[PDB]
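1. Kindly generate the corresponding structure for this input.
(4 chains, ligands or ions: 1)
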Amino acid sequence: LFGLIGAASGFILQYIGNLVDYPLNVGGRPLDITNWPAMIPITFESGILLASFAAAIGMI
Amino acid sequence: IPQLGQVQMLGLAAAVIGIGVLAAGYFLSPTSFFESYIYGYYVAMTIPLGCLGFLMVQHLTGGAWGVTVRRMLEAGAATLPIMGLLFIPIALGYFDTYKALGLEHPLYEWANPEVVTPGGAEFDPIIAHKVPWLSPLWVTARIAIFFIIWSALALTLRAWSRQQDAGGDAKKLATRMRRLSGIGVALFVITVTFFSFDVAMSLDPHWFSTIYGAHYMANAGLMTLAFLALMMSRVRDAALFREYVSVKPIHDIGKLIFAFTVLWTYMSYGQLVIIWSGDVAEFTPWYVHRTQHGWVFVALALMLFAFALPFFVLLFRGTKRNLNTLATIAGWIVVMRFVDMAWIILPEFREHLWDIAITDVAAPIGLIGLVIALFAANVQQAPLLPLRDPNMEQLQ
Amino acid sequence: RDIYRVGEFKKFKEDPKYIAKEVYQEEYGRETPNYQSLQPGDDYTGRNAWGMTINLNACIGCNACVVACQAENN
Amino acid sequence: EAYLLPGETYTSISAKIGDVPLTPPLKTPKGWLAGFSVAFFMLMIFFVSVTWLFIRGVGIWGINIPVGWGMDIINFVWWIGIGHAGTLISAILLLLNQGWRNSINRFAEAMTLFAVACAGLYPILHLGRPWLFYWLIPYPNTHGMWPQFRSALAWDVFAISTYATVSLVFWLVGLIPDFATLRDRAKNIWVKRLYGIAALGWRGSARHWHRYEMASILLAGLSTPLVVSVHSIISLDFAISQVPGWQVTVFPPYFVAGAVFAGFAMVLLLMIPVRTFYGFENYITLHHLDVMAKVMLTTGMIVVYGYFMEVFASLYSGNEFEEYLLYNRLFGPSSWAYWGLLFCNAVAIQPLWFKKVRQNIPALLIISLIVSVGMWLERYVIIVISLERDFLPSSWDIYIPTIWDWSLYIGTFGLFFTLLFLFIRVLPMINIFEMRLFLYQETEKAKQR
Ligand code: SF4
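-> Residues are numbered from 1 along each chain as shown, chains lettered A, B, ... in the order given. Here you go, the structure:
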């Protein structure tokens, strides 16, 4: 549950921050969903963090 | 054993059907026959190479899953010499045998005299810069040397495994195979990497990728793992599994399939993001063709059907403990692996999704049918699960 | 490398594009480098697009542009 | 050979591992005091280096315009790679069901936490405006500015933060039973209540071990792609760029293999004295060193495979810049690092193939030292040499490091060893409950013959 929330949170944060709230053009990189490369790492790291925290805190 | 014979008959029927329609496509068009035969040879080579690699890996690190499918890995790896003879048609393509057999232009760009020779009509300096390395004599010599290495390793390991059923299993025939697998792993990595460079990557001499080849090993490992799960579900009641195999080896192999699926996705995404963010023009045409004329839909299907769907299904403790469910997932994985290779190889020839012909579907099934038939004959040759093995205690 | 390009006026008169057709033949075998990109970029159609051109036939290395840039941009 | 030799008892493991801590402060061995004094001296060197770097600036290093990344990034990649092997031992081996991780997972994971703590300073120290590091973090501000998230340094911030937090909570989860065994043997009343709140009143019982084992399995299954993605991102920071020597597609797995390569070398270098000093020869046997050297040899062979792929790529392409990269590595002004690379991580790792060398302790110490030097030389060859000579020949210059970045290097070694000496003094360096469980498993295996 927390891992899927974590992954979704990371993708939402990146999309809103750089493709919605302040649409900066950086190096001609796309501002659409075609910017799906370079959004995988932050999303993956966020999901792992929430999932790991849930396991340790949950066991306790 | 009867289930293995039924699988052998099914593989023979699929092989003769594929060869027949492949010969029909050759008579209709001689070029498209070789274009599809390259892709069929590349996709059918994954079972024997992956079987040999996993056999040597499980010898280095002994486990329950390794002893469970050791004889099956030896039977799959023993088909490598027949595969070398199957390379003869491809070698005939890039040799002077062209202008015959219906080939107007040579099968490979680096074998056309109009390109690699300075002063030619189609001189390309980038392709011609590799004229001593990318030569029909040098490529055939490298391929033959790799086949001698692979056949020698597979036949020696199988012969030592057969001799283990006679005597002296603890002192010898278990450490010798471990040391041979230790040096063989480095040998197998180098040979397969350069084999992938020569057969598939040399189709476009303007592009190269260092991660490529390792992507091929992870791809072949996922294919042979799903193939092993399917064949384990087929022969689950051979009176040898029933008395020595529990749910632990099935769970370990399911975990290995899950780990190799995320490994393949990790390699493919790594290559993509490296080429995508660094927009260098010498590496962009590869991902341009694979995202053009409908080929993007193939990539999107691989992203979802070959990553997310297997990742979530195999995430649970179930669906990997149950052999039936794991075999069903392995069948979907096998189907997806065929599409992935089509996405890598077929765009070079067809250049359109609609331009894909019937021979592009015929050659993979036609050659994997011969691979399955030889695998079933080699697995019926000897009994499964070597009883005389110090690692057999790991099954208790 | 293709840092500095030099030609002759007698050949430039017949074809002003002959210098670019060279190099690309020795590098690729064709007269045009079919560079392909994976990034879309931006449009810049109806808007102002600031650009600069440096004529190598007029540069003499007087280093006046460097002192002007230093005096203008702190 | 066996991973547990003598007829140990559960109380034998408990007393032998519990006697290293809980020793009265006046009974501390003199060797610990000498090592901690050396580590504290190097820590003062670290404090002087950081203080002067903050006062003057990053201009005290040898970085210039072409080479904007010097040893401030080399030592960072070196340190962040040291902990990959310990994360592999503490997580990957748990999934692989390997029995030789029970006696070295605690010390290895401690090395990961300390190496990550040392590597976590360079992204702040090399900044030039260090106090603004939080601008890379998405925080609510009075401006409305976001990080780019399309650069690899934003991935790097999220990766190190996740790596450090997950490794810390996993280490503490593994320490909870050992905390319970310590507060049960602490004797003194105020030494108790300290491990007691650390153990959270563990009360080792069923309905608790079940959730403990499942959470530990999930944590290891999650931390394996975590550390892989971390070092893959530390590889992406160079691979995303357009530098000829940096845009190499095989960098993610090559960096992962190199990280675990240098990690196993450092772990062998630091565990052999730990094994031979304390009476731990019954727990860390010679078969441990054998299999660890085998893994180190395999990872070194994957690194050599990466060397060959780079050479094949430079020879295969007709690009002037890949060819000059190979020429500048082979006969350039900095070719010494490439030759040291080829000598260290390619020639010196070959003796590991044999068994007599794999069972020799001094040979393992020398090989581990040579491997660590070669890994530092490889990071130097990848970064500095590639950055020295770029596309425009006029933008060519040489990179000569100063004394202050060296002072930071020795200083980071001292902080690393200070934290390690404090860990081996306060907490048990071998996981106790995992060792007695391994003894129970070996007893059951001997019962079933
Ligand atoms: S100011 Fe002098 S150096 Fe600068 S561009 Fe003009 S001629 Fe060249």
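
2. residue in chain C nearest to chain D?
-> residue C:1 (6.0 Å; CB to the nearest CB). All C-beta spots, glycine's among them, are computed from the backbone N, C-alpha and C.

3. what do you get for the stretch 151-300 of chain B?
-> Residue nearest to chain D within the stretch 151-300 of chain B (CB to the nearest CB): residue B:210, separated by 3.6 Å.

4. since we're on the closest residue to that residue other than its chain neighbours, how many residues are nearby?
-> Spatial nearest neighbour of residue B:210, excluding adjacent residues (CB to CB, 6 or more residues apart in numbering or on different chains): residue D:250 at 3.6 Å. Around residue D:250 there are 27 other residues, counting by other CB atoms under 10 Å in any protein chain shown.

5. go on, residue D:76?
-> When counting by other CB under 10 Å, one arrives at 24 neighbours for residue D:76.

6. Looks like it contacts residue D:123 (just checking).
-> Yes. At 6.9 Å, residue D:76 and residue D:123 qualify as touching, with contact defined as CB atoms under 8 Å.

7. So which residue is smack in the middle of chain B?
-> If you average the C-alpha coordinates of chain B and look for the closest C-alpha using CA atoms, centre = their mean, you land on residue B:46, 1.1 Å from that point.

8. Who are the packing partners of the biggest helix by length in chain B?
-> What stands out as the longest helix in chain B, according to DSSP state H, is helix B:247-277. Judged by 3 or more CB pairs under 8 Å, 6 or more residues apart in numbering or on different chains; DSSP states H and E, helix B:247-277 is in contact with helix B:64-68, helix B:214-234, helix B:284-289, helix B:309-313, helix B:323-349, helix D:209-239, helix D:251-277.

9. Which of the ones you listed sits closest to chain C?
-> Checked against CB to the nearest CB, the stretch from the helices and strands packed on helix B:247-277 lying closest is helix B:284-289, at 5.1 Å.

10. Show me what the closest one packs onto, helices and strands only.
-> Using 3+ CB pairs under 8 Å, 6+ apart, helix B:284-289 sits against helix B:247-277.

11. buried ones in the helix it packs on?
-> Neighbour-count burial for helix B:247-277 flags B:248-277 (criterion: 16 or more other CB atoms under 10 Å in any protein chain shown).

12. State which one residue of chain C is found closest to chain A.
-> residue C:41 (3.6 Å).

13. That residue: neighbour count?
-> By the other CB under 10 Å criterion, the neighbourhood of residue C:41 contains 12 residues.

14. Show the contacting residues for it.
-> Contacts were defined as CB atoms under 8 Å, 6 or more residues apart in numbering or on different chains; by that measure residue C:41 touches residue A:28.

15. how much space is there between residue C:68 and residue C:61?
-> Using CB to CB, to the nearest Å, residue C:68 is found at 14 Å from residue C:61.

16. Tell me the gap between stretch D:2-18 and the middle of its chain.
-> For stretch D:2-18, the gap between its own C-alpha mean and the chain's C-alpha mean amounts to 28 Å (CA atoms, centre = their mean, to the nearest Å).

17. So what touches it?
-> Among residues not part of stretch D:2-18, those counted as contacts by CB under 8 Å, 6+ apart are D:99-100, D:102-103, D:181-182, D:185, D:279-280, D:282-283, D:285, D:287-288, D:428-430, D:432, D:435-436, D:438-440, D:442.

18. at 7 Å instead, please
-> Taking CB atoms under 7 Å, 6 or more residues apart in numbering or on different chains as the criterion, the residues outside stretch D:2-18 that touch it are D:99-100, D:181-182, D:185, D:279, D:282, D:285, D:287-288, D:428, D:430, D:432, D:435-436, D:438-439, D:442.

19. start to end distance for it?
-> The separation between the terminal residues of stretch D:2-18, taken as CA to CA, to the nearest Å, is 24 Å.

20. residues touching the residue lying farthest from the centre of chain B, list them.
-> Here chain B reaches farthest from its C-alpha mean at residue B:119, the gap being 39.4 Å by CA atoms, centre = their mean. Residue B:119 is in contact with no residue at all, counting by CB under 7 Å, 6+ apart.

21. can you list the residues of chain A near chain D?
-> Proximity of chain A to chain D is confined to A:13-14, A:17-18, A:21-22, A:26, A:29, A:38, A:41-42, A:44-46, A:48-49, A:51-53, A:55-56, A:58-60 under the rule CB under 7 Å from any CB of the partner chain.

22. Using the three-state scheme, assign the residue farthest from the centre of chain B.
-> Look at residue B:119: counting by DSSP: H, G, I helix; E, B strand; the rest coil, its state is coil.

23. can you tell me how far it sits from residue C:25?
-> Residue B:119 sits 13 Å away from residue C:25, taking CB to CB as the criterion.

24. Get me the contact residues on chain A for chain C.
-> Applying CB under 7 Å from any CB, we find that chain A lies next to chain C at A:25, A:28-30.

25. Between residue C:68 and residue C:61, which is the more surrounded one?
-> Taking neighbours as other CB under 10 Å, residue C:68 and residue C:61 compare with residue C:68 leading, 10 against 5.

26. check contacts around the residue of the stretch 201-350 of chain D found nearest chain C.
-> For the stretch 201-350 of chain D and chain C, the shortest gap (CB to the nearest CB) falls at residue D:320, measuring 6.0 Å. Contact criterion CB under 7 Å, 6+ apart gives residue C:1 as the residues in contact with residue D:320.

27. Quickly note the distance from it to residue B:285.
-> Taking CB to CB as the criterion, residue D:320 is separated from residue B:285 by 19 Å.

28. okay, the helices and strands packed on helix B:247-277 in TSV with mean neighbour count next?
-> Supplementary listing: those in TSV, determined by neighbours: other CB atoms under 10 Å in any protein chain shown:
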stretch	mean neighbour count
helix B:64-68	23
helix B:214-234	24
helix B:284-289	17
helix B:309-313	16
helix B:323-349	19
helix D:209-239	21
helix D:251-277	23
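
29. right, and those helices - which one's nearest residue D:83?
-> Put simply, out of the helices and strands packed on helix B:247-277 the one that sits nearest residue D:83 is helix D:251-277, at 6.4 Å, with distance taken as CB to CB.

30. if you look at the helix or strand just after that closest one, does any of it touch chain B?
-> Read in the C-terminal direction, the helix or strand following helix D:251-277 is helix D:286-316, with elements assigned using DSSP states H and E. Yes. Counting by CB under 7 Å from any CB, contacts between helix D:286-316 and chain B involve D:301, D:305, D:309-310, D:313, D:316.
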